[PDB]
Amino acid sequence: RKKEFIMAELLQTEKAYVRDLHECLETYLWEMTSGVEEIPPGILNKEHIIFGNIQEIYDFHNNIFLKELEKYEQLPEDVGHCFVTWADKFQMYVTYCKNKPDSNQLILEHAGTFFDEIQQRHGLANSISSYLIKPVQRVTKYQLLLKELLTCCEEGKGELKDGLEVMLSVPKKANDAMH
């Protein structure tokens, strides 16, 4: 029962994360790249700095990772392998976090109400800042879910410990990369 609730959360939160990155990309990012709206010169062609590699992170989750997690739905005791399999892709969270401070400064110092205007316009609860912390949150969350699985999966649990190892090591690497 507990293993089933955790897996269900892992899956539902993964879906929402993909939705949230998608939303970010097709609202805040799209307005800038579109060229429909008036773009503060302090940020013009600096969408690389604002959104870092969030595209690539979204593509990972949307093209691969969510599809693979879904396959482990009835296999909660084995889902650690999913993280082992796809470990190298998580290295892109290092790049993202490294860049997040620069992203944040940029938005303060040069963006004025540009993104607020877009938020108001599109009717979004989440600000661009709320969307942009999400990768950082998500990448620290997976280790929580794996620890929870470990409290309730038998000696068939080295298929979690390696998964957890990976998901402890990604955020540490992202952490240790900060200036």
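Residue numbers run from 1 along the displayed sequence.
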item	value
Stretch exceeding the other in mean C-alpha B-factor - 2-10, 170-178	170-178
107-115 versus 24-32 - greater average Cα B-factor per the deposited record	107-115
Member of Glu38, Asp59, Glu70, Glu148 with the greatest C-alpha B factor (per the PDB record)	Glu38
Largest Cα B-factor, entry values, listed residues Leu144, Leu66, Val136, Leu44	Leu44
Cα B factor band for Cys153 (lowest, middle or highest third within the chain)	highest
Relative C-alpha B-factor of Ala125, binned into the chain's lowest, middle or highest third	middle
Third of the chain, ranked by Cα B-factor, where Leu132 sits	lowest
Chain-wide C-alpha B factor ranking for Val18, given as lowest, middle or highest third	lowest
